$ cat upload_39.txt   # compact mmCIF, C-alpha atoms and all ligand atoms
# COMPACT_ATOMS: atom_id res chain seq x y z
CA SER A 1 67.81 4.70 4.40
CA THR A 2 64.56 5.85 2.80
CA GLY A 3 63.39 8.30 0.15
CA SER A 4 60.10 10.06 -0.52
CA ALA A 5 59.27 12.15 -3.58
CA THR A 6 56.12 13.72 -4.91
CA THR A 7 54.99 12.73 -8.40
CA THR A 8 52.86 15.17 -10.43
CA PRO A 9 50.64 14.62 -13.49
CA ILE A 10 52.03 16.26 -16.62
CA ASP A 11 48.65 17.41 -17.88
CA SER A 12 44.93 17.53 -17.05
CA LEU A 13 44.41 13.92 -18.20
CA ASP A 14 47.12 12.27 -16.05
CA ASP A 15 48.82 11.12 -19.28
CA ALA A 16 51.98 10.55 -17.23
CA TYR A 17 53.61 11.59 -13.96
CA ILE A 18 56.92 13.34 -13.36
CA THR A 19 59.09 13.12 -10.29
CA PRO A 20 62.05 15.38 -9.60
CA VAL A 21 65.44 13.65 -9.51
CA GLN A 22 68.80 15.16 -8.51
CA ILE A 23 71.72 14.12 -10.75
CA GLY A 24 75.35 15.09 -10.32
CA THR A 25 77.36 17.53 -8.22
CA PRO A 26 76.20 20.24 -7.83
CA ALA A 27 72.74 18.77 -8.31
CA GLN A 28 71.00 19.08 -11.65
CA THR A 29 67.28 18.47 -11.08
CA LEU A 30 65.42 16.75 -13.93
CA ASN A 31 61.78 15.68 -13.94
CA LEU A 32 61.68 11.99 -14.82
CA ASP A 33 58.90 9.57 -15.70
CA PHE A 34 59.23 6.72 -13.17
CA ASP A 35 58.54 3.58 -15.18
CA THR A 36 57.97 0.17 -13.60
CA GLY A 37 57.74 -1.21 -17.15
CA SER A 38 61.36 -0.57 -18.13
CA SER A 39 64.82 -0.64 -16.60
CA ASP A 40 66.87 2.24 -18.04
CA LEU A 41 67.46 5.59 -16.37
CA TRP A 42 67.96 7.91 -19.34
CA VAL A 43 67.93 11.67 -19.68
CA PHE A 44 67.88 14.47 -22.19
CA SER A 45 71.40 15.88 -22.10
CA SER A 46 73.98 18.21 -23.56
CA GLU A 47 74.65 15.35 -26.03
CA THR A 48 71.09 15.15 -27.37
CA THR A 49 70.72 16.19 -31.01
CA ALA A 50 69.75 19.85 -30.74
CA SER A 51 66.74 19.63 -33.07
CA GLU A 52 65.31 16.86 -30.87
CA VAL A 53 65.23 19.00 -27.72
CA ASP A 54 62.22 21.30 -27.27
CA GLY A 55 61.89 22.69 -23.76
CA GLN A 56 63.27 19.80 -21.71
CA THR A 57 65.78 20.35 -18.95
CA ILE A 58 69.06 18.66 -19.87
CA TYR A 59 71.77 16.89 -17.91
CA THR A 60 75.23 18.27 -18.65
CA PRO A 61 77.80 15.78 -17.41
CA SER A 62 80.73 18.16 -17.94
CA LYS A 63 79.25 20.41 -15.22
CA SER A 64 79.15 17.56 -12.70
CA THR A 65 82.30 16.89 -10.68
CA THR A 66 81.08 13.36 -9.92
CA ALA A 67 80.22 12.36 -13.53
CA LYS A 68 82.40 9.74 -15.19
CA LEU A 69 82.06 8.38 -18.71
CA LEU A 70 81.36 4.65 -18.61
CA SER A 71 83.85 3.86 -21.32
CA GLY A 72 82.51 1.97 -24.29
CA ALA A 73 78.96 1.66 -22.99
CA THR A 74 75.97 2.45 -25.22
CA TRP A 75 72.24 2.00 -24.88
CA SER A 76 69.23 1.82 -27.17
CA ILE A 77 65.63 1.25 -26.21
CA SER A 78 62.26 0.99 -27.90
CA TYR A 79 58.99 1.20 -25.99
CA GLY A 80 55.56 -0.33 -26.54
CA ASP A 81 54.21 2.83 -28.17
CA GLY A 82 56.91 2.72 -30.85
CA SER A 83 59.00 5.47 -29.26
CA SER A 84 62.74 5.13 -28.81
CA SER A 85 65.98 6.67 -27.59
CA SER A 86 69.69 5.86 -27.52
CA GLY A 87 73.05 7.21 -26.47
CA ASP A 88 76.04 6.70 -24.20
CA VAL A 89 76.44 6.31 -20.45
CA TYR A 90 77.90 8.11 -17.47
CA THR A 91 77.99 7.11 -13.85
CA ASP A 92 76.99 9.81 -11.38
CA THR A 93 75.31 10.46 -8.06
CA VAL A 94 71.54 10.27 -8.24
CA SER A 95 69.13 11.20 -5.47
CA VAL A 96 65.37 10.71 -5.25
CA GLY A 97 63.45 12.25 -2.38
CA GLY A 98 66.51 12.26 -0.12
CA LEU A 99 67.75 8.77 -1.04
CA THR A 100 71.15 8.84 -2.72
CA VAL A 101 72.83 6.27 -4.93
CA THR A 102 76.45 6.78 -5.94
CA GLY A 103 77.75 5.30 -9.18
CA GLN A 104 74.32 5.10 -10.82
CA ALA A 105 74.32 4.54 -14.56
CA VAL A 106 72.85 7.67 -16.13
CA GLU A 107 72.15 7.00 -19.79
CA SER A 108 72.68 10.17 -21.80
CA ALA A 109 70.48 10.49 -24.89
CA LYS A 110 72.16 11.33 -28.18
CA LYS A 111 68.91 10.64 -30.05
CA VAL A 112 65.25 10.59 -29.06
CA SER A 113 62.15 9.92 -31.15
CA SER A 114 59.53 12.53 -31.91
CA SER A 115 57.11 11.70 -29.08
CA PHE A 116 59.87 12.39 -26.54
CA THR A 117 60.82 15.68 -28.21
CA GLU A 118 57.18 16.73 -28.28
CA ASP A 119 56.70 16.21 -24.54
CA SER A 120 58.44 19.22 -23.04
CA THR A 121 57.51 18.16 -19.49
CA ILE A 122 59.41 14.86 -19.41
CA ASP A 123 63.21 15.12 -19.13
CA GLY A 124 63.80 11.36 -19.22
CA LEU A 125 62.75 8.05 -17.69
CA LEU A 126 63.72 6.26 -14.51
CA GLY A 127 63.18 2.54 -14.95
CA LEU A 128 61.97 0.43 -12.02
CA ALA A 129 61.38 -2.96 -13.68
CA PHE A 130 63.97 -5.71 -13.18
CA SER A 131 67.56 -4.98 -14.16
CA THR A 132 67.57 -7.91 -16.58
CA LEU A 133 65.76 -5.60 -19.06
CA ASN A 134 68.42 -2.89 -18.88
CA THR A 135 69.69 -2.13 -22.41
CA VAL A 136 73.24 -0.97 -21.70
CA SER A 137 75.86 -2.82 -23.74
CA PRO A 138 78.30 -4.53 -23.37
CA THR A 139 77.89 -4.39 -19.58
CA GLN A 140 74.29 -4.38 -18.40
CA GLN A 141 73.59 -1.84 -15.65
CA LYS A 142 71.40 -1.90 -12.54
CA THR A 143 68.30 0.20 -11.88
CA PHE A 144 68.23 2.92 -9.25
CA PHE A 145 66.13 0.63 -7.04
CA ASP A 146 68.48 -2.32 -7.41
CA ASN A 147 71.44 -0.12 -6.54
CA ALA A 148 69.64 1.39 -3.53
CA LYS A 149 68.19 -1.89 -2.25
CA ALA A 150 70.83 -2.98 0.21
CA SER A 151 70.84 0.45 1.87
CA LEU A 152 67.06 0.66 2.22
CA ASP A 153 65.35 -0.02 5.55
CA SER A 154 63.15 -2.49 3.66
CA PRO A 155 63.73 -3.62 0.04
CA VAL A 156 60.55 -2.02 -1.32
CA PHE A 157 59.19 0.96 -3.15
CA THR A 158 55.59 2.14 -3.33
CA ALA A 159 53.56 3.95 -5.94
CA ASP A 160 50.70 6.18 -4.81
CA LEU A 161 49.52 7.95 -7.96
CA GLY A 162 46.89 10.64 -7.76
CA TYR A 163 43.79 11.17 -9.86
CA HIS A 164 44.09 14.70 -11.25
CA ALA A 165 46.41 15.39 -8.31
CA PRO A 166 49.97 14.79 -7.12
CA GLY A 167 50.98 11.55 -5.45
CA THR A 168 54.06 9.91 -3.99
CA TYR A 169 56.84 7.43 -4.67
CA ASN A 170 58.43 6.09 -1.47
CA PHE A 171 61.58 3.99 -1.24
CA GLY A 172 62.47 1.74 1.65
CA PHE A 173 59.30 1.97 3.76
CA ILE A 174 55.53 1.50 3.65
CA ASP A 175 53.54 4.56 4.78
CA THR A 176 50.73 2.99 6.77
CA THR A 177 48.80 6.30 6.72
CA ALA A 178 48.61 6.32 2.90
CA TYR A 179 46.03 3.55 2.46
CA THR A 180 42.83 2.17 3.94
CA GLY A 181 42.24 -1.38 5.11
CA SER A 182 44.99 -3.95 4.55
CA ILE A 183 47.50 -4.53 1.76
CA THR A 184 46.91 -7.74 -0.20
CA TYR A 185 50.07 -9.29 -1.55
CA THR A 186 50.23 -11.42 -4.68
CA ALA A 187 52.93 -13.45 -6.46
CA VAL A 188 55.22 -11.98 -9.11
CA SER A 189 56.95 -13.64 -12.04
CA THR A 190 60.18 -11.98 -13.12
CA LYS A 191 60.60 -14.27 -16.15
CA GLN A 192 59.89 -11.41 -18.60
CA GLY A 193 61.66 -8.78 -16.48
CA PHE A 194 58.39 -7.13 -15.41
CA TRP A 195 56.35 -6.89 -12.23
CA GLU A 196 54.10 -9.56 -13.67
CA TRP A 197 51.20 -10.90 -11.63
CA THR A 198 47.79 -12.56 -11.99
CA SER A 199 44.56 -10.72 -11.19
CA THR A 200 41.75 -12.95 -9.91
CA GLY A 201 38.99 -11.33 -11.99
CA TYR A 202 36.85 -8.30 -12.66
CA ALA A 203 33.49 -6.59 -12.38
CA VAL A 204 31.86 -3.86 -14.45
CA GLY A 205 30.00 -1.24 -12.45
CA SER A 206 27.65 -2.83 -9.93
CA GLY A 207 27.74 -6.12 -11.84
CA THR A 208 28.69 -9.48 -10.42
CA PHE A 209 32.37 -10.31 -10.09
CA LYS A 210 33.75 -12.67 -12.71
CA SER A 211 36.40 -15.00 -11.33
CA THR A 212 39.03 -15.42 -14.00
CA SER A 213 42.84 -15.32 -14.09
CA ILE A 214 44.29 -12.31 -15.91
CA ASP A 215 48.07 -12.25 -16.17
CA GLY A 216 49.50 -8.77 -16.56
CA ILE A 217 52.12 -6.25 -15.53
CA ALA A 218 52.05 -3.39 -13.05
CA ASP A 219 53.36 -0.56 -15.25
CA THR A 220 53.52 3.03 -14.05
CA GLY A 221 54.92 4.06 -17.44
CA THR A 222 51.76 3.11 -19.32
CA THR A 223 48.82 5.50 -19.10
CA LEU A 224 45.88 3.19 -19.70
CA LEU A 225 44.53 -0.19 -18.62
CA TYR A 226 45.00 -2.84 -21.33
CA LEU A 227 43.04 -6.06 -20.87
CA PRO A 228 41.76 -8.99 -22.97
CA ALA A 229 39.23 -8.12 -25.67
CA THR A 230 36.50 -10.10 -23.91
CA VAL A 231 36.88 -8.06 -20.72
CA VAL A 232 37.09 -4.74 -22.53
CA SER A 233 34.01 -5.50 -24.67
CA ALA A 234 32.02 -6.37 -21.53
CA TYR A 235 33.03 -3.01 -20.02
CA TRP A 236 32.17 -0.78 -22.99
CA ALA A 237 28.93 -2.65 -23.67
CA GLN A 238 27.63 -0.89 -20.53
CA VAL A 239 28.19 2.57 -22.06
CA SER A 240 25.55 3.73 -24.57
CA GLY A 241 27.16 4.64 -27.88
CA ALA A 242 30.62 3.30 -27.05
CA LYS A 243 32.44 1.58 -29.88
CA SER A 244 35.84 0.50 -31.05
CA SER A 245 37.17 2.85 -33.71
CA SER A 246 40.01 1.64 -35.95
CA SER A 247 40.55 5.20 -37.18
CA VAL A 248 41.01 6.56 -33.65
CA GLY A 249 42.85 3.43 -32.43
CA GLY A 250 40.59 2.15 -29.68
CA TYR A 251 37.32 2.40 -27.84
CA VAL A 252 35.64 5.78 -27.83
CA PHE A 253 32.43 6.89 -26.16
CA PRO A 254 30.09 9.86 -26.12
CA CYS A 255 31.54 12.63 -23.99
CA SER A 256 28.02 13.05 -22.54
CA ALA A 257 28.26 9.61 -20.87
CA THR A 258 28.74 8.83 -17.21
CA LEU A 259 31.10 5.85 -17.06
CA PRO A 260 30.68 2.80 -14.83
CA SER A 261 33.42 1.78 -12.44
CA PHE A 262 35.71 -1.19 -13.11
CA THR A 263 36.80 -3.57 -10.36
CA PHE A 264 39.83 -5.86 -10.53
CA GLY A 265 40.73 -8.70 -8.17
CA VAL A 266 43.90 -9.03 -6.14
CA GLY A 267 43.57 -12.38 -4.44
CA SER A 268 40.31 -12.22 -2.48
CA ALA A 269 40.55 -8.40 -2.39
CA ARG A 270 39.07 -5.92 -4.84
CA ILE A 271 40.30 -2.61 -6.23
CA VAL A 272 37.64 -0.29 -7.64
CA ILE A 273 38.53 2.13 -10.43
CA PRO A 274 35.91 4.92 -10.45
CA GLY A 275 34.30 5.61 -13.81
CA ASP A 276 35.74 9.11 -13.98
CA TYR A 277 39.27 7.61 -14.01
CA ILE A 278 38.41 5.90 -17.31
CA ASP A 279 37.55 9.17 -19.12
CA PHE A 280 40.46 10.45 -21.24
CA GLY A 281 38.61 13.31 -22.82
CA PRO A 282 37.89 14.40 -26.39
CA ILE A 283 39.76 12.52 -29.09
CA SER A 284 40.63 15.90 -30.59
CA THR A 285 40.03 19.38 -29.28
CA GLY A 286 36.31 20.21 -29.30
CA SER A 287 35.18 16.72 -30.25
CA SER A 288 32.18 15.12 -28.56
CA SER A 289 33.82 11.71 -28.92
CA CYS A 290 35.93 10.82 -25.89
CA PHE A 291 38.76 8.31 -25.57
CA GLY A 292 38.42 5.37 -23.22
CA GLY A 293 40.89 4.52 -20.49
CA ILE A 294 40.30 0.78 -20.76
CA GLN A 295 41.50 -0.67 -24.05
CA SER A 296 42.19 -4.03 -25.60
CA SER A 297 45.57 -5.67 -25.15
CA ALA A 298 45.02 -7.84 -28.22
CA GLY A 299 48.07 -7.30 -30.39
CA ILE A 300 50.23 -6.01 -27.52
CA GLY A 301 50.96 -9.55 -26.36
CA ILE A 302 50.59 -8.69 -22.69
CA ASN A 303 47.95 -7.22 -20.36
CA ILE A 304 49.01 -3.96 -18.74
CA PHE A 305 47.79 -2.54 -15.45
CA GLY A 306 48.84 1.00 -16.24
CA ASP A 307 48.16 4.27 -14.46
CA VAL A 308 44.35 4.05 -14.80
CA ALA A 309 44.43 0.95 -12.61
CA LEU A 310 47.38 1.75 -10.37
CA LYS A 311 46.18 5.20 -9.33
CA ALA A 312 43.10 3.56 -7.80
CA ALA A 313 45.41 1.82 -5.30
CA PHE A 314 48.39 2.09 -3.01
CA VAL A 315 50.86 -0.29 -4.66
CA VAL A 316 53.84 -2.00 -3.02
CA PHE A 317 56.68 -3.22 -5.23
CA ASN A 318 58.40 -5.67 -2.91
CA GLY A 319 61.90 -6.42 -4.16
CA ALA A 320 62.76 -9.03 -1.55
CA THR A 321 64.58 -12.16 -2.71
CA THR A 322 61.21 -13.49 -3.86
CA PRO A 323 59.47 -10.37 -5.19
CA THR A 324 55.76 -9.74 -4.68
CA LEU A 325 53.23 -6.98 -5.35
CA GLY A 326 50.88 -5.50 -2.78
CA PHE A 327 47.64 -3.58 -3.42
CA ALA A 328 45.49 -1.60 -0.99
CA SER A 329 42.54 0.70 -1.43
CA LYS A 330 43.06 4.34 -0.45
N1 LIG B 1 55.18 2.35 -21.52
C1 LIG B 1 56.21 2.18 -20.68
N2 LIG B 1 56.07 1.31 -19.68
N3 LIG B 1 57.32 2.90 -20.80
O1 LIG B 1 57.58 4.12 -21.44
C2 LIG B 1 56.49 4.99 -21.77
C3 LIG B 1 57.09 6.12 -22.57
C4 LIG B 1 56.57 5.81 -23.96
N4 LIG B 1 56.81 6.93 -24.90
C5 LIG B 1 55.04 5.61 -23.85
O2 LIG B 1 54.28 6.55 -23.83
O3 LIG B 1 54.67 4.35 -23.76
$ encode --input "upload_39.txt" --output "structure tokens"
Amino acid sequence: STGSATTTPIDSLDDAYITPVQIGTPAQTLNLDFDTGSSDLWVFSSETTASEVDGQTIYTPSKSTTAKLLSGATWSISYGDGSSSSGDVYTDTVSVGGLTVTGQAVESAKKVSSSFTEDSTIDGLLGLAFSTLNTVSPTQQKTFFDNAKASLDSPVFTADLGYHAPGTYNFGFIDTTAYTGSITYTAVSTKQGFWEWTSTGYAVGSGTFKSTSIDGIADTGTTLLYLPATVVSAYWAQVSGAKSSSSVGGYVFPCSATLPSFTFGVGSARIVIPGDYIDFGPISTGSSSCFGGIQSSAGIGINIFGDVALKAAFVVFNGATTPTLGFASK
């Protein structure tokens, strides 16, 4: 089997991407944030505290003839931005882009934190990291991908995120028309439950490439590119007036600037992020200070190749017995 679904930016800055997902019978379609940095599929629901729902589409398990309470199971998750959610669990039929999994754990939110409530466009998350991070207790549950894997033509999914445009998540096949050149594959460590890999270095603009190992994670659920302070300082040093602002919470730059590109290494290959991808707009409405899309990972504890980096590539998440990651230009 295979699946193919379009993913669409939620706003003009590509802060996140939503992908429609069919849950239950008859189908209830919710727009989920596909997240290769976590492993829970959770949704706003009829059980979510009413004051914590503001415009989201909800899953109502009582209206699904295939929903079943997973007795005794609860879940609770906290994300890197300090956001959180928790609730109970149903099993139900879940389909993405024509690919159907029966008996998928659908984690129904009873509570969500304010940042979730405030984002009316995101109806929940669909985790695509390794199932070892799944938070369901007392019986850990499998991700949609892990459940689908055996049925897929090939045990892979791909992320093809657009810049200010829709893109695609494919399951079970590699669309050879979706990228240019060849895909370069690189080793993955699953020891922390993430799609963790080692970049071979970087360049800033037209500068020379610096060969240096940068361990990090391929994370579709993180907006920005978080890298060591040395790397990030070398980038922003090439932008007149750029500075790190503790009050704003990162590097900012004059909105009048034209940003340089940033290149990262994948083996002997190179992925170029155009400068425009690194512009996240005014820090507040009408401001002439703009927020940078490359930020320091110091204090996070891990480097994160988030959407800013991933949307510059066609990315293969290869879930074979020994997982690997593939990157191509596009
Ligand atoms: N960051 C990852 N990978 N997952 O979830 C992201 C949702 C969270 N509120 C955030 O904005 O970070």
$ atom_distance --input "upload_39.txt" --atom1 "atom CA of residue 126 of chain A" --atom2 "atom CA of residue 298 of chain A"
27.1 Å
$ atom_distance --input "upload_39.txt" --atom1 "atom CA of residue 328 of chain A" --atom2 "atom CA of residue 183 of chain A"
4.5 Å
$ axis_aligned_box --input "upload_39.txt" --around "ligand LIG 1 (chain B)" --padding-each-side "5 Å" --output "lines of an AutoDock Vina configuration file"
center_x = 55.9
center_y = 4.1
center_z = -22.3
size_x = 13.3
size_y = 15.6
size_z = 15.2
$ closest_atom_pairs --input "upload_39.txt" --of "chain A" --to "ligand LIG 1 (chain B)" --cutoff "9 Å" --atoms "only C-alpha atoms and all ligand atoms" --output "tab-separated table"
residue	atom	partner	partner_atom	distance
A:15	CA	B:LIG1	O2	8.4
A:16	CA	B:LIG1	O2	8.1
A:33	CA	B:LIG1	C3	7.9
A:34	CA	B:LIG1	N3	8.7
A:35	CA	B:LIG1	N2	5.6
A:36	CA	B:LIG1	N2	6.5
A:37	CA	B:LIG1	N2	3.9
A:38	CA	B:LIG1	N2	5.8
A:78	CA	B:LIG1	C4	8.4
A:79	CA	B:LIG1	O1	5.6
A:80	CA	B:LIG1	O3	5.5
A:81	CA	B:LIG1	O3	4.7
A:82	CA	B:LIG1	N4	7.3
A:83	CA	B:LIG1	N4	5.1
A:84	CA	B:LIG1	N4	7.3
A:113	CA	B:LIG1	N4	8.7
A:115	CA	B:LIG1	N4	6.3
A:116	CA	B:LIG1	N4	6.5
A:125	CA	B:LIG1	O1	7.5
A:127	CA	B:LIG1	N3	8.3
A:219	CA	B:LIG1	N2	5.5
A:220	CA	B:LIG1	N2	6.4
A:221	CA	B:LIG1	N2	3.7
A:222	CA	B:LIG1	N1	4.1
A:223	CA	B:LIG1	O2	7.3
A:304	CA	B:LIG1	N2	8.9
A:306	CA	B:LIG1	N2	8.0
$ atom_distance --input "upload_39.txt" --atom1 "atom CA of residue 325 of chain A" --atom2 "atom CA of residue 140 of chain A"
24.9 Å
$ closest_residue --input "upload_39.txt" --among "A:93, A:198, A:51, A:318" --to "residue 64 of chain A" --atoms "only C-alpha atoms"
A:93
$ closest_atom_pairs --input "upload_39.txt" --of "segment 248-322 of chain A" --to "segment 165-181 of chain A" --cutoff "8 Å" --atoms "all atoms listed in the file" --output "tab-separated table"
residue	atom	partner	partner_atom	distance
A:313	CA	A:179	CA	8.0
A:314	CA	A:179	CA	6.1
A:316	CA	A:174	CA	7.7
$ residues_near_point --input "upload_39.txt" --point "(41.1, -15.0, 2.3)" --cutoff "12 Å" --atoms "all atoms listed in the file" --output "ChimeraX atom specification"
/A:182,184-185,266-270
$ residues_around --input "upload_39.txt" --residues "residue 257 of chain A" --least-positions-apart "3" --cutoff "9 Å" --atoms "only C-alpha atoms" --output "PDB file with C-alpha atoms, in the frame of the given file"
ATOM      1  CA  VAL A 239      28.190   2.570 -22.060  1.00  0.00           C
ATOM      2  CA  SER A 240      25.550   3.730 -24.570  1.00  0.00           C
ATOM      3  CA  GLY A 241      27.160   4.640 -27.880  1.00  0.00           C
ATOM      4  CA  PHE A 253      32.430   6.890 -26.160  1.00  0.00           C
ATOM      5  CA  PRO A 254      30.090   9.860 -26.120  1.00  0.00           C
TER       6      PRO A 254
END
$ closest_atom_pairs --input "upload_39.txt" --of "segment 81-111 of chain A" --to "segment 142-155 of chain A" --cutoff "10 Å" --atoms "all atoms listed in the file" --output "CSV"
residue,atom,partner,partner_atom,distance
A:94,CA,A:144,CA,8.1
A:95,CA,A:144,CA,9.1
A:96,CA,A:144,CA,9.2
A:99,CA,A:148,CA,8.0
A:100,CA,A:148,CA,7.6
A:101,CA,A:148,CA,6.0
A:102,CA,A:147,CA,8.5
A:103,CA,A:147,CA,8.7
A:104,CA,A:144,CA,6.7
A:105,CA,A:142,CA,7.4
A:106,CA,A:144,CA,9.6
$ closest_residue --input "upload_39.txt" --among "A:133, A:272, A:234, A:30" --to "residue 296 of chain A" --atoms "all atoms listed in the file"
A:234
$ closest_residue --input "upload_39.txt" --among "A:118, A:160, A:11, A:107" --to "residue 134 of chain A" --atoms "only C-alpha atoms"
A:107
$ decode --input "upload_39.txt" --residues "segment 33-99 of chain A" --atoms "C-alpha atoms" --output "PDB file, in the first residue's frame"
ATOM      1  CA  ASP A  33       0.632  18.714  12.496  1.00  0.00           C
ATOM      2  CA  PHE A  34       2.827  15.821  11.305  1.00  0.00           C
ATOM      3  CA  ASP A  35       5.714  15.759  13.762  1.00  0.00           C
ATOM      4  CA  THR A  36       8.869  13.695  13.217  1.00  0.00           C
ATOM      5  CA  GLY A  37      10.020  14.937  16.637  1.00  0.00           C
ATOM      6  CA  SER A  38       7.364  13.148  18.702  1.00  0.00           C
ATOM      7  CA  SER A  39       5.451   9.883  18.736  1.00  0.00           C
ATOM      8  CA  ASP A  40       1.882  10.558  19.887  1.00  0.00           C
ATOM      9  CA  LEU A  41      -1.139  10.958  17.629  1.00  0.00           C
ATOM     10  CA  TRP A  42      -3.406  13.214  19.679  1.00  0.00           C
ATOM     11  CA  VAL A  43      -6.449  15.265  18.804  1.00  0.00           C
ATOM     12  CA  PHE A  44      -8.774  17.928  20.099  1.00  0.00           C
ATOM     13  CA  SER A  45     -11.962  16.065  20.952  1.00  0.00           C
ATOM     14  CA  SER A  46     -15.398  16.092  22.499  1.00  0.00           C
ATOM     15  CA  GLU A  47     -13.548  15.417  25.782  1.00  0.00           C
ATOM     16  CA  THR A  48     -11.352  18.528  25.629  1.00  0.00           C
ATOM     17  CA  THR A  49     -12.080  21.107  28.329  1.00  0.00           C
ATOM     18  CA  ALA A  50     -14.487  23.478  26.582  1.00  0.00           C
ATOM     19  CA  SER A  51     -12.631  26.670  27.515  1.00  0.00           C
ATOM     20  CA  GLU A  52      -9.481  25.239  25.908  1.00  0.00           C
ATOM     21  CA  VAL A  53     -11.076  24.797  22.480  1.00  0.00           C
ATOM     22  CA  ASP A  54     -11.178  27.858  20.212  1.00  0.00           C
ATOM     23  CA  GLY A  55     -12.021  27.043  16.601  1.00  0.00           C
ATOM     24  CA  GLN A  56     -10.412  23.616  16.252  1.00  0.00           C
ATOM     25  CA  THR A  57     -12.234  20.728  14.657  1.00  0.00           C
ATOM     26  CA  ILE A  58     -12.799  18.004  17.251  1.00  0.00           C
ATOM     27  CA  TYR A  59     -12.878  14.224  17.140  1.00  0.00           C
ATOM     28  CA  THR A  60     -16.037  12.798  18.701  1.00  0.00           C
ATOM     29  CA  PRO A  61     -15.463   9.115  19.383  1.00  0.00           C
ATOM     30  CA  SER A  62     -19.125   8.462  20.247  1.00  0.00           C
ATOM     31  CA  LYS A  63     -20.014   9.281  16.615  1.00  0.00           C
ATOM     32  CA  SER A  64     -17.561   6.694  15.265  1.00  0.00           C
ATOM     33  CA  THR A  65     -18.794   3.118  14.939  1.00  0.00           C
ATOM     34  CA  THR A  66     -15.188   1.870  14.900  1.00  0.00           C
ATOM     35  CA  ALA A  67     -13.988   3.777  18.014  1.00  0.00           C
ATOM     36  CA  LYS A  68     -13.176   1.743  21.110  1.00  0.00           C
ATOM     37  CA  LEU A  69     -11.969   3.054  24.450  1.00  0.00           C
ATOM     38  CA  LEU A  70      -8.538   1.664  25.248  1.00  0.00           C
ATOM     39  CA  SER A  71      -9.415   0.835  28.812  1.00  0.00           C
ATOM     40  CA  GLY A  72      -7.188   2.330  31.455  1.00  0.00           C
ATOM     41  CA  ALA A  73      -4.835   4.074  29.041  1.00  0.00           C
ATOM     42  CA  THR A  74      -3.800   7.700  29.583  1.00  0.00           C
ATOM     43  CA  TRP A  75      -1.256   9.980  27.974  1.00  0.00           C
ATOM     44  CA  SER A  76       0.572  13.174  28.854  1.00  0.00           C
ATOM     45  CA  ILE A  77       3.157  14.991  26.811  1.00  0.00           C
ATOM     46  CA  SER A  78       5.279  18.109  27.049  1.00  0.00           C
ATOM     47  CA  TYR A  79       7.075  19.608  24.060  1.00  0.00           C
ATOM     48  CA  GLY A  80      10.290  21.578  23.677  1.00  0.00           C
ATOM     49  CA  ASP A  81       8.466  24.914  23.599  1.00  0.00           C
ATOM     50  CA  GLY A  82       6.899  24.249  27.003  1.00  0.00           C
ATOM     51  CA  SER A  83       3.502  23.330  25.584  1.00  0.00           C
ATOM     52  CA  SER A  84       1.609  20.261  26.741  1.00  0.00           C
ATOM     53  CA  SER A  85      -1.485  18.105  26.469  1.00  0.00           C
ATOM     54  CA  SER A  86      -2.987  15.019  28.091  1.00  0.00           C
ATOM     55  CA  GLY A  87      -6.010  12.760  28.061  1.00  0.00           C
ATOM     56  CA  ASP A  88      -7.266   9.247  27.409  1.00  0.00           C
ATOM     57  CA  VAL A  89      -7.071   6.908  24.429  1.00  0.00           C
ATOM     58  CA  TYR A  90      -9.297   5.281  21.847  1.00  0.00           C
ATOM     59  CA  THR A  91      -8.430   2.932  19.046  1.00  0.00           C
ATOM     60  CA  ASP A  92      -9.963   3.762  15.683  1.00  0.00           C
ATOM     61  CA  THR A  93      -9.419   3.647  11.947  1.00  0.00           C
ATOM     62  CA  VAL A  94      -7.075   6.336  10.700  1.00  0.00           C
ATOM     63  CA  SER A  95      -6.343   7.145   7.068  1.00  0.00           C
ATOM     64  CA  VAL A  96      -3.753   9.486   5.575  1.00  0.00           C
ATOM     65  CA  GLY A  97      -3.801  10.196   1.865  1.00  0.00           C
ATOM     66  CA  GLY A  98      -5.528   6.901   1.085  1.00  0.00           C
ATOM     67  CA  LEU A  99      -3.437   4.737   3.444  1.00  0.00           C
TER      68      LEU A  99
END
